[PDB]
Amino acid sequence: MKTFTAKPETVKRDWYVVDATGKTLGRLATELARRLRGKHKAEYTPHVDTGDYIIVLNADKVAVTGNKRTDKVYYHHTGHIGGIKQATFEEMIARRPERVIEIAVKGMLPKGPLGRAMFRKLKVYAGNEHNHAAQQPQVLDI
Amino acid sequence: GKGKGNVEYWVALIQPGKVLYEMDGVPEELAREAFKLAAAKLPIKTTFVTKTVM
Amino acid sequence: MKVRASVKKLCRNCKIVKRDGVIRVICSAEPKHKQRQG
Amino acid sequence: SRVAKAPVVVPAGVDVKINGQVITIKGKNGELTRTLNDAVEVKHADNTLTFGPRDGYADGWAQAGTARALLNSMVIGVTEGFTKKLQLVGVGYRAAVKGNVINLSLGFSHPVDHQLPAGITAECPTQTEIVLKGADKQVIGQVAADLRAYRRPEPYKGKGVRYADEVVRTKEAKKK
Amino acid sequence: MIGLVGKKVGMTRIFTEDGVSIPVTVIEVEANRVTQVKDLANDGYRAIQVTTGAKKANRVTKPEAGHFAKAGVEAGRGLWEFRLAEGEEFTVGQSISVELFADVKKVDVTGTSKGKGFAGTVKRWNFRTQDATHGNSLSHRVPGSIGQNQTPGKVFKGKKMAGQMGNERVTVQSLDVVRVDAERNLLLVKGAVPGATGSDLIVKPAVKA
RNA sequence: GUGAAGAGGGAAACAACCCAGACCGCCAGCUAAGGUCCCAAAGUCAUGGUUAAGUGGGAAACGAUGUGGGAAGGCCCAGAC
RNA sequence: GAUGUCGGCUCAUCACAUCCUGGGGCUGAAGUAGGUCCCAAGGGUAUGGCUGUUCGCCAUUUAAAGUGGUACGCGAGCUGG
RNA sequence: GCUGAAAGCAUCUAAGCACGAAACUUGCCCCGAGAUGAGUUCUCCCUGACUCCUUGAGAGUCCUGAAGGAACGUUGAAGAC
Ligand SMILES: [Mg+2]
Ligand SMILES: [Mg+2]
Ligand SMILES: [Mg+2]
Ligand SMILES: [Mg+2]
Ligand SMILES: [Mg+2]
Ligand SMILES: [Mg+2]
Ligand SMILES: [Mg+2]
Ligand SMILES: [Mg+2]
Ligand SMILES: [Mg+2]
Ligand SMILES: [Mg+2]
Ligand SMILES: [Mg+2]
Ligand SMILES: [Mg+2]
Ligand SMILES: [Mg+2]
Ligand SMILES: [Mg+2]
Ligand SMILES: [Mg+2]
Ligand SMILES: [Mg+2]
Ligand SMILES: [Mg+2]
Ligand SMILES: [Mg+2]
Ligand SMILES: [Mg+2]
Ligand SMILES: [Mg+2]
Ligand SMILES: [Mg+2]
Ligand SMILES: [Mg+2]
Ligand SMILES: [Mg+2]
Ligand SMILES: [Mg+2]
Ligand SMILES: [Mg+2]
Ligand SMILES: [Mg+2]
Ligand SMILES: [Mg+2]
Ligand SMILES: [Zn+2]
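Protein chains in written order, with the deposited numbering: chain i, 1 to 142; chain Z, 83 to 136; chain 3, 1 to 38; chain g, 2 to 177; chain d, 1 to 209.
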């Protein structure tokens, strides 16, 4: 016959909350991307976003080993000639802390419209309070 | 092309273990300094060896 | 300061010390002996 | 090693608090508090504190020795207190003290007002000298270093600020 | 601190008693009515909204008329916002006059400059023309080269070309304030301010300093 | 030997490199090279070491109290450095 | 079964092996002015005479009159010496 | 540079603290919520019936057209349109 494929209208998505304090950046991010993609479900389907909404708290207290704190360099080109801006991990934590986690996870999620749809399901917060108490997020002890 | 080239300099192919320079009649430390100075002018790693019976 | 690939002790007072992963010679006697590796 | 194993001595009338890795000495010259490295272990025998490396850390002994030296300096600072004297050797180089502002006249076209930190006290026994007192060896050294960096000793005449302990090594202006 | 909204009446000179002619710009800085006060608790930033002049009764639309009537002020011809420093505090309806620049020596005047239309490269970026003769062909004012070659094989962003010049917001900074006549609602600045006569200017106190 | 005249898997992409020679079909299983954190299928596998350099993930003579292992040797509780 | 080839003009953009300004070490650095090395690419970086010349010489300036890559940049942008 | 051991000393570093340039992040000016992550704050407007059913975030008829916009005209120190 034909192998079961999940149907996007009938998928079930849950809300988890993960406190990212003291965790290692990349080792948190791999699990975040796994659960955003839905690789932890029996009905995983490559062309269906079956993942779970995840809310990352305390995004400024993520930890990195070694000297990566003052030596990991986030490059990006504005598109104007000569506009290769860069910012170290500590500067980027200071200015826009949640972008660190966001880039960490966006690099691991697949590239494409489905990957963007998956990354729409990740909520990264600098602090500890999160708006989405209405969705009853589950404590996900990653 | 158009033939081989002209002889320009003469070399001596060196294989590991070849005892290049030898010296006698000097103190050992001065020999070490002299050999260090000489080896500094050569394109091959060297080492300091002594005489043995066999 | 001498920025040289080969830093050595140049007298009895020259002292080898590695700061910030860079080898330097600090001499209390002759300031001409201040070297770093580069 | 040797320094790490050499214990401190806790004199009369000084309080020694220990919370986690923060240690605190309240003497007669004031109050001091230092957060030691995690690899450090401080015991008691409340007369000679002693130090050891914690298990599971790399250098261990280096951290223990540096903490022992720090606490030796802290006890000396709270009992007798460190004191450093600076001189101003030059043409009309002068120092004055107004509370906690040291005013330097060093040939600059503007007076040099140096604000003393929290617990460092300055005096001018003479119009060409400064005497600094404080219970923190690192703090007093930093103050003296900044004062000297205002005008480091010239190699040709030794003008400028200097420590008393300092042999300003000179050289004669070259001949010819 | 806050500024005011004025109208560029024109430009004149002031003959000081020592025979010096200051070229001043005259700004009709009449009263500005505060229609709204924005605070952190409701807006995330401290600012005031002011209006000036007066607008046609039948051309003040119902939403704008309601917004003004909330403050209780007569409908002005526009709305501008001024961010607030922490010390200062204004209330709704307050009429702020040009006497605010009584003790201010230098101001910043921002307004929409004159629109030069579609300005070529020579006008817009001061490109140098090419030989009017010496054999030149149909290229007496063209921009010339606009790139390199196969590398990079593209024209870079921000390149200077022809286009729309002027008609944009321009801020002339640190203009000396000569006279502040509150009884006629006038501000007199030393120098030329952006825009044509009758345009709207925003005059703030100096920010460089 | 391969390509030419050989597809397929690996080396990111990469005729000629490694594995392997496509008769056709299958929504069956076991493997080679190469791999098993996410992209991206498979070990956040177990045991014991090493590195602290983002080395790994470009490069030499030469330099250096980096650190780990080994075989010696010199001076030492008449207490040595 | 065609990728226009020197120089000039207009327009640039990047590298740093930096010419100037900015921060330092050593000096056979008294001071002014230097020599040399380290960090630094934000901005600036001549006008003329000769020659088709880039180049070079010369005159006179300037804080300086940088070295290079960009099809020895730039002819569907100009010229044609 | 301070304090400071590893290495009883010494040492700017291995923990800890300090200073340090036109480079970097801001501060100055302009654009900027198509920032699909499409934000915020004011204000204004519209609160009538009735069928059919393929009962769906359904289709349709009647009555009703609001705030506003657009169109047209006179035009502008706005403009190729
Ligand atoms: Mg116009
Ligand atoms: Mg010209
Ligand atoms: Mg013509
Ligand atoms: Mg053939
Ligand atoms: Mg093949
Ligand atoms: Mg074959
Ligand atoms: Mg293949
Ligand atoms: Mg490859
Ligand atoms: Mg492939
Ligand atoms: Mg076959
Ligand atoms: Mg298998
Ligand atoms: Mg997998
Ligand atoms: Mg063709
Ligand atoms: Mg450089
Ligand atoms: Mg740059
Ligand atoms: Mg800047
Ligand atoms: Mg010339
Ligand atoms: Mg002539
Ligand atoms: Mg000529
Ligand atoms: Mg060319
Ligand atoms: Mg060129
Ligand atoms: Mg040409
Ligand atoms: Mg042509
Ligand atoms: Mg062309
Ligand atoms: Mg072409
Ligand atoms: Mg001809
Ligand atoms: Mg010491
Ligand atoms: Zn020396």
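Ideal Cβ positions, reconstructed from N, Cα and C, are used throughout, including at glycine.
Exercise. Taking Cβ to Cβ, would you say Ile141 (chain g) is nearer than 8 Å to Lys85 (chain g)?
Worked result: yes
Exercise. Hey, would you say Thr35 (chain d) sits closer than 8 Å to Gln49 (chain d), going by beta carbons?
Worked result: yes
Exercise. Beta carbon of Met92 (chain i), beta carbon of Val105 (chain i): below 8 Å?
Worked result: no
Problem set entry | Three-state secondary structure assigned by DSSP to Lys172 (chain g) | coil
Exercise. Mind checking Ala33 (chain i): buried by the 16 CB within 10 Å criterion, or exposed?
Worked result: buried
Problem set entry | For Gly166 (chain d), the first and last residue of its enclosing beta strand (DSSP E) | 163–166
Problem set entry | Strand pairing of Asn20 (chain g), partner residues [DSSP] | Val23 (chain g)
Problem set entry | Residue nearest to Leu107 (chain g) in terms of C-alpha spacing, selected from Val23 (chain g), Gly161 (chain g), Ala7 (chain g) | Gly161 (chain g)
Exercise. What is the DSSP secondary structure of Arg114 (chain Z), counted as helix, strand or coil?
Worked result: helix
Exercise. Quick one: does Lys160 (chain d) have its CB under 8 Å from some CB of chain i?
Worked result: no
Exercise. By a C-beta neighbour count over all protein chains shown, 10 Å radius and 16 as the cutoff for buried, is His33 (chain 3) buried or exposed?
Worked result: buried
Problem set entry | Closest residue to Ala182 (chain d) among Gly191 (chain d), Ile96 (chain d), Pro143 (chain d) (Cα-Cα distance) | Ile96 (chain d)
Problem set entry | Segments of 4+ residues assigned as alpha helix (DSSP H) that fall wholly inside the region 101–136 of chain d | 121–125
Problem set entry | Supposed close pair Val76 (chain g), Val15 (chain g) - CB separation, criterion 8 Å | 7 Å
Exercise. How about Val48 (chain i) and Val124 (chain i): are their beta carbons less than 8 Å apart?
Worked result: no
For this session: Compute the Euclidean distance between the alpha carbons of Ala117 (chain i) and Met108 (chain i), then round it to the nearest angstrom.
Result: 14 Å
Exercise. Hey, is the region 167–178 of chain d in contact with the region 83–94 of chain d, meaning 3+ C-beta pairs nearer than 8 Å?
Worked result: no
Exercise. Over what stretch of residues does the alpha helix (DSSP H) that includes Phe156 (chain d) continue unbroken?
Worked result: Segment: none, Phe156 (chain d) is in no alpha helix (DSSP H) and carries neither H nor E.
Exercise. Between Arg114 (chain Z) and the rest of its own chain, which residues show a CB-CB distance below 8 Å, the 5 nearest in sequence each way excluded?
Worked result: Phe130
Problem set entry | alpha helix (DSSP H) segment containing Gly142 (chain g), residue limits | 138–151
Exercise. Hey, is the region 37–47 of chain g in contact with the region 57–71 of chain g, meaning 3+ C-beta pairs nearer than 8 Å?
Worked result: yes
Exercise. Where does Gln116 (chain g) land, buried or exposed, given buried means 16+ other C-beta within 10 angstroms?
Worked result: exposed
Exercise. Cα-Cα, which of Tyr45 (chain d), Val107 (chain d), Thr129 (chain d) is closest to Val37 (chain d)?
Worked result: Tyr45 (chain d)
For this session: Using alpha carbons as the reference points, say which of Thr67 (chain g), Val11 (chain g), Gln88 (chain g) lies closest to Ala165 (chain g).
Result: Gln88 (chain g)
For this session: Express the C-alpha separation of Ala70 (chain g) and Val168 (chain g) in angstroms, rounding to a whole number.
Result: 26 Å
Exercise. Shorter than 8 Å from the beta carbon of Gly127 (chain i) to some beta carbon of chain d?
Worked result: no
Problem set entry | beta strand (DSSP E) segment containing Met11 (chain d), residue limits | 4–16
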